[PDB]
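Source file: model.cif. Holds: mmCIF, C-alpha atoms.
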```cif
data_structure
#
loop_
_atom_site.group_PDB
_atom_site.id
_atom_site.type_symbol
_atom_site.label_atom_id
_atom_site.label_comp_id
_atom_site.auth_asym_id
_atom_site.auth_seq_id
_atom_site.Cartn_x
_atom_site.Cartn_y
_atom_site.Cartn_z
ATOM 1 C CA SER A 5 -22.636 10.399 16.287
ATOM 2 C CA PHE A 6 -20.038 7.963 14.953
ATOM 3 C CA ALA A 7 -19.626 6.535 11.474
ATOM 4 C CA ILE A 8 -17.593 4.497 8.988
ATOM 5 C CA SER A 9 -16.154 5.020 5.512
ATOM 6 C CA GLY A 10 -18.541 4.644 2.578
ATOM 7 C CA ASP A 11 -16.338 1.853 1.224
ATOM 8 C CA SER A 12 -17.160 -0.359 4.202
ATOM 9 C CA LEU A 13 -18.692 -3.644 3.029
ATOM 10 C CA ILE A 14 -21.985 -4.567 4.658
ATOM 11 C CA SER A 15 -22.753 -8.297 4.833
ATOM 12 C CA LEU A 16 -26.360 -8.735 3.642
ATOM 13 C CA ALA A 17 -28.167 -11.684 5.220
ATOM 14 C CA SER A 18 -30.729 -12.338 2.437
ATOM 15 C CA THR A 19 -28.284 -12.440 -0.492
ATOM 16 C CA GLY A 20 -24.961 -13.684 0.844
ATOM 17 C CA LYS A 21 -23.191 -10.816 -0.901
ATOM 18 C CA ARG A 22 -21.715 -7.573 0.281
ATOM 19 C CA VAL A 23 -22.384 -3.983 -0.752
ATOM 20 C CA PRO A 24 -20.538 -0.822 0.417
ATOM 21 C CA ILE A 25 -22.529 1.183 2.937
ATOM 22 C CA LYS A 26 -22.519 4.289 0.678
ATOM 23 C CA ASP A 27 -24.453 2.347 -1.956
ATOM 24 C CA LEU A 28 -27.126 1.585 0.636
ATOM 25 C CA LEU A 29 -27.784 5.235 1.498
ATOM 26 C CA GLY A 30 -31.526 5.762 1.774
ATOM 27 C CA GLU A 31 -32.321 2.060 1.568
ATOM 28 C CA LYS A 32 -34.011 0.325 4.451
ATOM 29 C CA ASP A 33 -35.948 -2.788 5.565
ATOM 30 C CA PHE A 34 -33.067 -5.131 4.699
ATOM 31 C CA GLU A 35 -31.291 -7.586 6.961
ATOM 32 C CA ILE A 36 -27.703 -7.546 8.190
ATOM 33 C CA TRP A 37 -25.846 -9.835 10.639
ATOM 34 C CA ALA A 38 -25.685 -8.746 14.274
ATOM 35 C CA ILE A 39 -24.389 -10.331 17.455
ATOM 36 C CA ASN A 40 -26.841 -11.021 20.245
ATOM 37 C CA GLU A 41 -24.803 -10.107 23.306
ATOM 38 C CA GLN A 42 -26.969 -12.292 25.572
ATOM 39 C CA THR A 43 -26.539 -15.500 23.584
ATOM 40 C CA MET A 44 -23.258 -14.648 21.850
ATOM 41 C CA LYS A 45 -24.795 -15.931 18.622
ATOM 42 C CA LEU A 46 -25.230 -14.153 15.319
ATOM 43 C CA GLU A 47 -28.782 -13.307 14.204
ATOM 44 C CA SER A 48 -30.166 -11.513 11.233
ATOM 45 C CA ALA A 49 -31.469 -8.069 12.061
ATOM 46 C CA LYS A 50 -33.268 -5.321 10.188
ATOM 47 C CA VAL A 51 -31.789 -1.970 9.146
ATOM 48 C CA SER A 52 -34.290 0.875 9.536
ATOM 49 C CA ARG A 53 -32.151 3.718 8.114
ATOM 50 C CA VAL A 54 -28.797 4.307 6.344
ATOM 51 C CA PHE A 55 -27.452 7.838 6.611
ATOM 52 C CA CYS A 56 -24.477 10.109 5.976
ATOM 53 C CA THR A 57 -23.122 12.142 8.880
ATOM 54 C CA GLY A 58 -20.953 14.392 6.716
ATOM 55 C CA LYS A 59 -17.194 14.499 6.212
ATOM 56 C CA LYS A 60 -15.152 13.420 9.199
ATOM 57 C CA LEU A 61 -11.636 12.350 10.025
ATOM 58 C CA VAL A 62 -11.320 8.569 9.811
ATOM 59 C CA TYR A 63 -8.806 6.106 11.188
ATOM 60 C CA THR A 64 -7.859 2.705 9.815
ATOM 61 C CA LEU A 65 -8.029 -0.146 12.327
ATOM 62 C CA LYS A 66 -6.518 -3.493 11.409
ATOM 63 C CA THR A 67 -6.545 -6.872 13.157
ATOM 64 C CA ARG A 68 -4.245 -9.903 13.082
ATOM 65 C CA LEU A 69 -6.425 -11.802 10.544
ATOM 66 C CA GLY A 70 -6.242 -8.755 8.267
ATOM 67 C CA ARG A 71 -9.682 -7.301 8.933
ATOM 68 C CA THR A 72 -9.622 -3.562 8.374
ATOM 69 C CA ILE A 73 -12.088 -0.683 8.564
ATOM 70 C CA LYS A 74 -11.983 3.138 8.471
ATOM 71 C CA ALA A 75 -14.059 4.736 11.229
ATOM 72 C CA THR A 76 -14.334 7.895 13.287
ATOM 73 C CA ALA A 77 -12.409 8.286 16.543
ATOM 74 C CA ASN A 78 -15.560 7.776 18.609
ATOM 75 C CA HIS A 79 -16.733 4.708 16.706
ATOM 76 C CA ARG A 80 -17.247 1.711 18.999
ATOM 77 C CA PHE A 81 -15.898 -1.826 18.646
ATOM 78 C CA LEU A 82 -16.631 -4.828 20.860
ATOM 79 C CA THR A 83 -13.902 -5.907 23.290
ATOM 80 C CA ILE A 84 -14.048 -8.494 26.072
ATOM 81 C CA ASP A 85 -14.688 -5.514 28.374
ATOM 82 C CA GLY A 86 -17.609 -4.159 26.331
ATOM 83 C CA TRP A 87 -17.919 -1.526 23.639
ATOM 84 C CA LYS A 88 -14.909 0.760 23.385
ATOM 85 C CA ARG A 89 -14.135 3.821 21.207
ATOM 86 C CA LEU A 90 -11.507 3.555 18.480
ATOM 87 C CA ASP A 91 -9.462 6.269 20.270
ATOM 88 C CA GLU A 92 -9.428 4.194 23.476
ATOM 89 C CA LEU A 93 -8.122 0.964 21.909
ATOM 90 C CA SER A 94 -4.516 -0.200 22.125
ATOM 91 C CA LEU A 95 -2.460 -2.730 20.194
ATOM 92 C CA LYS A 96 -2.981 -6.398 21.059
ATOM 93 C CA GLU A 97 -6.450 -5.681 22.453
ATOM 94 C CA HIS A 98 -8.948 -8.152 21.051
ATOM 95 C CA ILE A 99 -12.029 -7.056 19.134
ATOM 96 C CA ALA A 100 -14.967 -9.113 17.975
ATOM 97 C CA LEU A 101 -15.235 -10.553 14.498
ATOM 98 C CA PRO A 102 -18.100 -12.766 13.410
ATOM 99 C CA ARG A 103 -17.356 -16.450 12.982
ATOM 100 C CA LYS A 104 -19.479 -19.054 11.275
ATOM 101 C CA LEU A 105 -18.531 -22.563 12.171
ATOM 102 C CA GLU A 106 -20.376 -25.649 11.063
ATOM 103 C CA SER A 107 -19.936 -28.971 12.855
ATOM 104 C CA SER A 108 -20.328 -32.162 10.846
ATOM 105 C CA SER A 109 -19.903 -35.828 11.543
ATOM 106 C CA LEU A 110 -17.179 -37.805 9.792
ATOM 107 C CA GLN A 111 -20.033 -38.964 7.469
ATOM 108 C CA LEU A 112 -20.808 -35.291 6.616
ATOM 109 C CA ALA A 113 -24.117 -35.244 8.587
ATOM 110 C CA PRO A 114 -24.917 -32.250 10.833
ATOM 111 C CA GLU A 115 -23.393 -32.638 14.274
ATOM 112 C CA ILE A 116 -24.413 -29.492 16.118
ATOM 113 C CA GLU A 117 -23.753 -30.976 19.553
ATOM 114 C CA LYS A 118 -20.007 -30.370 18.992
ATOM 115 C CA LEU A 119 -20.346 -26.743 17.843
ATOM 116 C CA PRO A 120 -18.396 -24.198 19.905
ATOM 117 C CA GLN A 121 -20.881 -21.958 21.793
ATOM 118 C CA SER A 122 -19.952 -18.472 20.597
ATOM 119 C CA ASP A 123 -20.196 -16.939 17.118
ATOM 120 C CA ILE A 124 -17.348 -14.509 17.891
ATOM 121 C CA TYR A 125 -13.695 -14.747 16.877
ATOM 122 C CA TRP A 126 -11.664 -12.465 19.144
ATOM 123 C CA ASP A 127 -8.867 -10.975 17.030
ATOM 124 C CA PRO A 128 -6.018 -8.745 18.323
ATOM 125 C CA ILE A 129 -5.506 -5.266 16.925
ATOM 126 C CA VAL A 130 -2.269 -4.756 14.997
ATOM 127 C CA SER A 131 -2.682 -1.181 13.727
ATOM 128 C CA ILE A 132 -4.611 1.980 14.446
ATOM 129 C CA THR A 133 -3.774 4.923 12.137
ATOM 130 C CA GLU A 134 -5.191 8.319 11.304
ATOM 131 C CA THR A 135 -6.040 8.173 7.593
ATOM 132 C CA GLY A 136 -7.872 11.260 6.337
ATOM 133 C CA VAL A 137 -11.161 13.070 5.908
ATOM 134 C CA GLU A 138 -13.932 11.176 4.133
ATOM 135 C CA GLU A 139 -17.661 11.179 3.748
ATOM 136 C CA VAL A 140 -18.904 8.826 6.448
ATOM 137 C CA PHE A 141 -22.040 6.775 7.031
ATOM 138 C CA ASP A 142 -23.823 4.699 9.611
ATOM 139 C CA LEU A 143 -27.040 2.821 10.000
ATOM 140 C CA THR A 144 -29.738 2.063 12.548
ATOM 141 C CA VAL A 145 -30.468 -1.509 13.711
ATOM 142 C CA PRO A 146 -33.318 -1.392 16.220
ATOM 143 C CA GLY A 147 -33.024 -4.012 18.953
ATOM 144 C CA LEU A 148 -29.540 -5.504 18.676
ATOM 145 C CA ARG A 149 -27.947 -2.174 17.576
ATOM 146 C CA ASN A 150 -24.872 -3.674 15.870
ATOM 147 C CA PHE A 151 -23.933 -5.074 12.445
ATOM 148 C CA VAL A 152 -21.051 -6.587 10.504
ATOM 149 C CA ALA A 153 -18.999 -4.218 8.348
ATOM 150 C CA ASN A 154 -15.734 -5.314 6.696
ATOM 151 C CA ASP A 155 -16.101 -8.567 8.651
ATOM 152 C CA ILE A 156 -15.961 -6.705 12.029
ATOM 153 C CA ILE A 157 -18.757 -6.348 14.569
ATOM 154 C CA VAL A 158 -19.519 -2.625 14.880
ATOM 155 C CA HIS A 159 -22.091 -0.694 16.847
ATOM 156 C CA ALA A 160 -25.072 0.867 15.108
ATOM 157 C CA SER A 161 -26.439 4.341 15.669
ATOM 158 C CA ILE A 162 -27.832 5.598 18.958
ATOM 159 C CA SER B 5 -4.035 -57.400 23.288
ATOM 160 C CA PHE B 6 -7.127 -55.205 23.592
ATOM 161 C CA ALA B 7 -10.236 -55.098 21.440
ATOM 162 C CA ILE B 8 -13.753 -53.788 20.827
ATOM 163 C CA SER B 9 -17.179 -55.285 20.155
ATOM 164 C CA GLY B 10 -17.899 -56.430 16.603
ATOM 165 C CA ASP B 11 -20.813 -53.988 16.472
ATOM 166 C CA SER B 12 -18.451 -51.021 16.709
ATOM 167 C CA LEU B 13 -18.916 -48.715 13.713
ATOM 168 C CA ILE B 14 -15.746 -47.852 11.827
ATOM 169 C CA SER B 15 -15.774 -44.512 9.989
ATOM 170 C CA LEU B 16 -14.421 -45.178 6.475
ATOM 171 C CA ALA B 17 -12.599 -42.222 4.929
ATOM 172 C CA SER B 18 -13.142 -43.089 1.230
ATOM 173 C CA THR B 19 -16.916 -43.638 1.384
ATOM 174 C CA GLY B 20 -18.273 -41.431 4.152
ATOM 175 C CA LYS B 21 -20.210 -44.381 5.547
ATOM 176 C CA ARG B 22 -19.710 -46.656 8.493
ATOM 177 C CA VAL B 23 -19.422 -50.433 8.730
ATOM 178 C CA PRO B 24 -19.183 -52.572 11.912
ATOM 179 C CA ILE B 25 -15.673 -53.833 12.564
ATOM 180 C CA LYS B 26 -16.821 -57.496 12.448
ATOM 181 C CA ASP B 27 -17.882 -57.022 8.829
ATOM 182 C CA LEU B 28 -14.364 -55.845 8.000
ATOM 183 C CA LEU B 29 -12.659 -58.983 9.324
ATOM 184 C CA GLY B 30 -9.956 -60.019 6.879
ATOM 185 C CA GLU B 31 -10.247 -56.849 4.818
ATOM 186 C CA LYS B 32 -7.314 -54.505 4.530
ATOM 187 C CA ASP B 33 -5.783 -51.591 2.568
ATOM 188 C CA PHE B 34 -8.690 -49.261 3.379
ATOM 189 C CA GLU B 35 -8.575 -45.879 5.066
ATOM 190 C CA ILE B 36 -9.957 -44.839 8.441
ATOM 191 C CA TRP B 37 -9.725 -41.526 10.354
ATOM 192 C CA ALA B 38 -6.927 -41.165 12.897
ATOM 193 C CA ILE B 39 -5.665 -38.327 15.057
ATOM 194 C CA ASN B 40 -2.129 -37.106 14.530
ATOM 195 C CA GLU B 41 -0.996 -36.466 18.088
ATOM 196 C CA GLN B 42 1.704 -34.020 16.937
ATOM 197 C CA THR B 43 -0.618 -31.738 14.978
ATOM 198 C CA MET B 44 -3.870 -32.576 16.770
ATOM 199 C CA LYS B 45 -5.514 -32.852 13.357
ATOM 200 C CA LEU B 46 -7.387 -35.760 11.843
ATOM 201 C CA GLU B 47 -5.787 -37.563 8.881
ATOM 202 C CA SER B 48 -6.799 -40.531 6.850
ATOM 203 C CA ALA B 49 -4.742 -43.605 7.598
ATOM 204 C CA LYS B 50 -4.501 -47.117 6.217
ATOM 205 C CA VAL B 51 -5.643 -50.302 7.964
ATOM 206 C CA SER B 52 -3.246 -53.199 7.356
ATOM 207 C CA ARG B 53 -5.183 -55.943 9.197
ATOM 208 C CA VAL B 54 -8.557 -56.541 10.929
ATOM 209 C CA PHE B 55 -8.605 -59.437 13.370
ATOM 210 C CA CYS B 56 -10.592 -61.224 16.065
ATOM 211 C CA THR B 57 -8.942 -61.785 19.436
ATOM 212 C CA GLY B 58 -11.556 -64.253 20.670
ATOM 213 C CA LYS B 59 -14.329 -63.877 23.232
ATOM 214 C CA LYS B 60 -13.603 -61.441 26.025
ATOM 215 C CA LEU B 61 -15.434 -59.546 28.716
ATOM 216 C CA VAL B 62 -16.458 -56.112 27.451
ATOM 217 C CA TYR B 63 -17.478 -52.917 29.194
ATOM 218 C CA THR B 64 -19.707 -50.144 27.891
ATOM 219 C CA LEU B 65 -18.223 -46.649 28.123
ATOM 220 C CA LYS B 66 -20.465 -43.660 27.515
ATOM 221 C CA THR B 67 -19.735 -39.937 27.234
ATOM 222 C CA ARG B 68 -21.800 -36.791 27.801
ATOM 223 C CA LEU B 69 -22.624 -36.363 24.066
ATOM 224 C CA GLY B 70 -23.906 -39.949 24.048
ATOM 225 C CA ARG B 71 -20.943 -41.637 22.385
ATOM 226 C CA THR B 72 -20.744 -45.250 23.484
ATOM 227 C CA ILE B 73 -18.514 -48.244 22.803
ATOM 228 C CA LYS B 74 -17.982 -51.752 24.225
ATOM 229 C CA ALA B 75 -14.311 -52.569 24.797
ATOM 230 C CA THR B 76 -12.047 -54.753 26.893
ATOM 231 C CA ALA B 77 -10.788 -53.584 30.286
ATOM 232 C CA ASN B 78 -7.310 -52.915 28.900
ATOM 233 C CA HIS B 79 -8.513 -51.010 25.844
ATOM 234 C CA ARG B 80 -6.997 -47.523 25.643
ATOM 235 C CA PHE B 81 -8.746 -44.182 25.160
ATOM 236 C CA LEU B 82 -7.149 -40.756 24.750
ATOM 237 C CA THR B 83 -7.280 -38.404 27.745
ATOM 238 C CA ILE B 84 -5.564 -35.048 28.240
ATOM 239 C CA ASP B 85 -2.914 -37.043 30.134
ATOM 240 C CA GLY B 86 -2.323 -39.540 27.312
ATOM 241 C CA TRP B 87 -3.671 -42.985 26.543
ATOM 242 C CA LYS B 88 -5.395 -44.641 29.482
ATOM 243 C CA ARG B 89 -6.982 -48.100 29.964
ATOM 244 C CA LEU B 90 -10.750 -48.393 30.309
ATOM 245 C CA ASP B 91 -10.255 -49.863 33.823
ATOM 246 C CA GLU B 92 -8.249 -46.788 34.876
ATOM 247 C CA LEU B 93 -10.822 -44.180 33.796
ATOM 248 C CA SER B 94 -13.182 -42.405 36.181
ATOM 249 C CA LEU B 95 -16.388 -40.437 35.714
ATOM 250 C CA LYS B 96 -16.049 -36.859 34.467
ATOM 251 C CA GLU B 97 -12.655 -37.613 32.918
ATOM 252 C CA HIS B 98 -12.527 -36.303 29.371
ATOM 253 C CA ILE B 99 -11.784 -38.545 26.406
ATOM 254 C CA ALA B 100 -11.121 -37.602 22.818
ATOM 255 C CA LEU B 101 -13.793 -37.603 20.155
ATOM 256 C CA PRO B 102 -13.151 -36.478 16.604
ATOM 257 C CA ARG B 103 -14.593 -33.136 15.574
ATOM 258 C CA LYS B 104 -14.957 -31.751 12.089
ATOM 259 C CA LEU B 105 -15.512 -28.049 12.012
ATOM 260 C CA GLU B 106 -15.693 -25.956 8.892
ATOM 261 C CA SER B 107 -15.221 -22.187 9.005
ATOM 262 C CA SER B 108 -17.025 -20.072 6.427
ATOM 263 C CA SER B 109 -17.420 -16.392 5.792
ATOM 264 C CA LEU B 110 -20.823 -14.747 6.127
ATOM 265 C CA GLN B 111 -20.924 -15.035 2.281
ATOM 266 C CA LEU B 112 -20.419 -18.841 2.570
ATOM 267 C CA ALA B 113 -16.814 -18.743 1.217
ATOM 268 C CA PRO B 114 -14.101 -20.800 2.966
ATOM 269 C CA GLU B 115 -12.582 -18.921 5.877
ATOM 270 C CA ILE B 116 -10.001 -21.302 7.293
ATOM 271 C CA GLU B 117 -8.122 -18.575 9.156
ATOM 272 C CA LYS B 118 -10.843 -18.678 11.859
ATOM 273 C CA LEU B 119 -10.847 -22.473 12.291
ATOM 274 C CA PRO B 120 -10.117 -23.705 15.824
ATOM 275 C CA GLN B 121 -6.720 -25.499 15.841
ATOM 276 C CA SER B 122 -7.599 -28.960 17.140
ATOM 277 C CA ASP B 123 -9.768 -31.675 15.581
ATOM 278 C CA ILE B 124 -10.597 -33.116 19.024
ATOM 279 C CA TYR B 125 -13.743 -32.629 21.097
ATOM 280 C CA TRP B 126 -12.958 -33.532 24.708
ATOM 281 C CA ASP B 127 -16.072 -35.177 26.161
ATOM 282 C CA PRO B 128 -16.548 -36.245 29.820
ATOM 283 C CA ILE B 129 -17.311 -39.846 30.695
ATOM 284 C CA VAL B 130 -20.741 -40.451 32.221
ATOM 285 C CA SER B 131 -20.797 -44.256 32.512
ATOM 286 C CA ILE B 132 -18.467 -47.221 32.629
ATOM 287 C CA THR B 133 -20.212 -50.608 33.042
ATOM 288 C CA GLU B 134 -19.328 -54.266 32.763
ATOM 289 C CA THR B 135 -21.576 -55.636 30.009
ATOM 290 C CA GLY B 136 -20.795 -59.239 29.070
ATOM 291 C CA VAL B 137 -18.685 -61.626 27.040
ATOM 292 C CA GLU B 138 -18.558 -61.027 23.292
ATOM 293 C CA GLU B 139 -16.448 -61.824 20.299
ATOM 294 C CA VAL B 140 -14.048 -58.903 20.015
ATOM 295 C CA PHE B 141 -11.955 -57.364 17.252
ATOM 296 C CA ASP B 142 -9.249 -54.835 16.601
ATOM 297 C CA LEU B 143 -7.220 -53.540 13.732
ATOM 298 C CA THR B 144 -3.718 -52.388 12.863
ATOM 299 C CA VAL B 145 -3.006 -48.825 11.660
ATOM 300 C CA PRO B 146 0.718 -48.514 10.975
ATOM 301 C CA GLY B 147 2.108 -45.068 11.760
ATOM 302 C CA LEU B 148 -0.599 -43.196 13.659
ATOM 303 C CA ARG B 149 -1.860 -46.363 15.450
ATOM 304 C CA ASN B 150 -5.372 -45.077 16.246
ATOM 305 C CA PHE B 151 -8.775 -44.884 14.526
ATOM 306 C CA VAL B 152 -12.339 -43.706 15.042
ATOM 307 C CA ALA B 153 -14.852 -46.300 16.237
ATOM 308 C CA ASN B 154 -18.375 -45.331 17.352
ATOM 309 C CA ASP B 155 -17.250 -41.706 16.978
ATOM 310 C CA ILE B 156 -14.495 -42.150 19.644
ATOM 311 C CA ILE B 157 -10.741 -42.037 19.104
ATOM 312 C CA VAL B 158 -9.368 -45.461 20.070
ATOM 313 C CA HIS B 159 -5.909 -46.957 19.953
ATOM 314 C CA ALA B 160 -5.017 -49.543 17.331
ATOM 315 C CA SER B 161 -3.111 -52.752 17.894
ATOM 316 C CA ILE B 162 0.457 -52.943 19.146
#
```
Produce structure tokens that represent the structure in this file.
Amino acid sequence: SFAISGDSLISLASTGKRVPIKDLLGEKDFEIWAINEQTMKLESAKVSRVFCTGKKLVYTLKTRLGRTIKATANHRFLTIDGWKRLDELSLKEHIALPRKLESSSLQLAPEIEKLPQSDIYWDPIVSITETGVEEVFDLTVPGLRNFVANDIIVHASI
Amino acid sequence: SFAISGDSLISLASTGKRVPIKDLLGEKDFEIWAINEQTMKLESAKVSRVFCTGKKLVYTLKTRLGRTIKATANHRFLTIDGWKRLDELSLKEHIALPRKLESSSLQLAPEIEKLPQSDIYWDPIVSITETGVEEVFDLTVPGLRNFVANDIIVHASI
């Protein structure tokens, strides 16, 4: 059981807006953005449950591009070596952020043949800090089992 | 003196359309797209002259993404090792194409902090073939001394 702060902003694929995970408690059957680890591309994926795991100690993780999230010590992030717990990460280690690049011709027509292959931006960690006890939440994403929260790829429930 | 076929399509920065270089003969004071070799970014740049060098033997060069141009044997293209003549290139050698990537957030806001640094796509050569004698043209780009023709970075006159 791992989880994230209720303030964490979930990117919602149907609306193009974000909502904090706490505000989605008890909602379901909505789409988030997930990485497909086989293709390294982002796909929309359905949330089947959003739940609170109680009050837990959370830690703020920050990356070089300023992405930040508060998560439990056992919460997993995606490194080049696979999924790793927050309390196993070290500074300068890269974690996966989503990236959305579009490739156009000089005439502003689509030019997908020049698109970089992966939808991941690998960003180094610059801070990991114990922050305090908060109500924490997670969600279930059957199939791909990950989602974007605060513009970071995080693992869903197991 | 090197040159390209009159059919070669010049990307015009003000209009977002292309025109064959022959149709620009005698025109000037218009902007094309050029690579800045110091920053590796594309910039608009002014054409001061468009001229015909006569009838010359031209060669078709083609890359893996299907970019193709007809140019003289001494016409230069940009490799990772600098500018090289058509008659010095070999198959699988990469040459520079422009690329225009845009980086957006998952909410479709600009997200330039994740943009790849270079505006070049390095594409391998798949064919170099003597084609025939044609009227050929080039142009002068003071300062950056290159331009995009048939979606390939080519050197301007000297």
Write out as number ranges by chain which residues come within 9 Å of segment 77-82 of chain B when counting only C-alpha atoms, dropping same-chain ones fewer than 2 positions away. B: 5-8, 61-63, 75, 84-93, 98-101, 134, 156-160
Residues of chain A that approach chain B to 10 Å or less, counting only C-alpha atoms: could you list each one with the shortest pair of atoms and its distance in Å to one decimal, rows by chain and increasing residue number, as JSON lines?
```
{"residue": "A:15", "atom": "CA", "partner": "B:110", "partner_atom": "CA", "distance": 6.9}
{"residue": "A:16", "atom": "CA", "partner": "B:111", "partner_atom": "CA", "distance": 8.4}
{"residue": "A:17", "atom": "CA", "partner": "B:110", "partner_atom": "CA", "distance": 8.0}
{"residue": "A:19", "atom": "CA", "partner": "B:111", "partner_atom": "CA", "distance": 8.3}
{"residue": "A:20", "atom": "CA", "partner": "B:111", "partner_atom": "CA", "distance": 4.5}
{"residue": "A:21", "atom": "CA", "partner": "B:111", "partner_atom": "CA", "distance": 5.8}
{"residue": "A:22", "atom": "CA", "partner": "B:111", "partner_atom": "CA", "distance": 7.8}
{"residue": "A:37", "atom": "CA", "partner": "B:110", "partner_atom": "CA", "distance": 8.3}
{"residue": "A:69", "atom": "CA", "partner": "B:117", "partner_atom": "CA", "distance": 7.1}
{"residue": "A:101", "atom": "CA", "partner": "B:118", "partner_atom": "CA", "distance": 9.6}
{"residue": "A:102", "atom": "CA", "partner": "B:110", "partner_atom": "CA", "distance": 8.0}
{"residue": "A:103", "atom": "CA", "partner": "B:118", "partner_atom": "CA", "distance": 7.0}
{"residue": "A:104", "atom": "CA", "partner": "B:108", "partner_atom": "CA", "distance": 5.5}
{"residue": "A:105", "atom": "CA", "partner": "B:107", "partner_atom": "CA", "distance": 4.6}
{"residue": "A:106", "atom": "CA", "partner": "B:106", "partner_atom": "CA", "distance": 5.2}
{"residue": "A:107", "atom": "CA", "partner": "B:105", "partner_atom": "CA", "distance": 4.6}
{"residue": "A:108", "atom": "CA", "partner": "B:104", "partner_atom": "CA", "distance": 5.5}
{"residue": "A:109", "atom": "CA", "partner": "B:104", "partner_atom": "CA", "distance": 6.4}
{"residue": "A:110", "atom": "CA", "partner": "B:20", "partner_atom": "CA", "distance": 6.8}
{"residue": "A:111", "atom": "CA", "partner": "B:20", "partner_atom": "CA", "distance": 4.5}
{"residue": "A:112", "atom": "CA", "partner": "B:20", "partner_atom": "CA", "distance": 7.1}
{"residue": "A:113", "atom": "CA", "partner": "B:20", "partner_atom": "CA", "distance": 9.6}
{"residue": "A:115", "atom": "CA", "partner": "B:104", "partner_atom": "CA", "distance": 8.8}
{"residue": "A:116", "atom": "CA", "partner": "B:105", "partner_atom": "CA", "distance": 9.9}
{"residue": "A:117", "atom": "CA", "partner": "B:69", "partner_atom": "CA", "distance": 7.1}
{"residue": "A:118", "atom": "CA", "partner": "B:103", "partner_atom": "CA", "distance": 7.0}
{"residue": "A:119", "atom": "CA", "partner": "B:105", "partner_atom": "CA", "distance": 7.7}
{"residue": "A:120", "atom": "CA", "partner": "B:120", "partner_atom": "CA", "distance": 9.2}
{"residue": "A:124", "atom": "CA", "partner": "B:118", "partner_atom": "CA", "distance": 9.8}
{"residue": "A:125", "atom": "CA", "partner": "B:118", "partner_atom": "CA", "distance": 7.0}
{"residue": "A:126", "atom": "CA", "partner": "B:118", "partner_atom": "CA", "distance": 9.6}
{"residue": "A:127", "atom": "CA", "partner": "B:118", "partner_atom": "CA", "distance": 9.5}
{"residue": "A:152", "atom": "CA", "partner": "B:110", "partner_atom": "CA", "distance": 9.3}
{"residue": "A:155", "atom": "CA", "partner": "B:110", "partner_atom": "CA", "distance": 8.2}
```
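Nearest-residue note for residue 143 of chain B: choosing from B:43, B:50, B:74, B:131, the minimum distance belongs to B:50, counting all atoms listed in the file.
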Report as a list in words all protein, DNA and RNA residues lying within 8 Å of residue 10 of chain B, evaluated on only C-alpha atoms, omitting residues in the same chain fewer than 3 positions from it. residues 24, 25, 26, 27, 139, 140 and 141 of chain B
Using C-alpha atoms, can you write the selected residues to a file as a CSV table (one decimal), in the coordinates of the input?
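Okay, part_6.csv is ready:
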```csv
chain,number,residue,atom,x,y,z
B,24,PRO,CA,-19.2,-52.6,11.9
B,25,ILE,CA,-15.7,-53.8,12.6
B,26,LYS,CA,-16.8,-57.5,12.4
B,27,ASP,CA,-17.9,-57.0,8.8
B,139,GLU,CA,-16.4,-61.8,20.3
B,140,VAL,CA,-14.0,-58.9,20.0
B,141,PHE,CA,-12.0,-57.4,17.3
```
Taking (-31.6, -1.3, 4.5) in the coordinates of the supplied file, I want to know which residues reach to within 10 Å of it, counting all atoms listed in the file; could you give the answer as a VMD selection string? chain A and resid 16 25 28 to 36 50 to 54 143 to 145
Atom CA of residue 128 of chain A to atom CA of residue 9 of chain A measures 21.4 Å
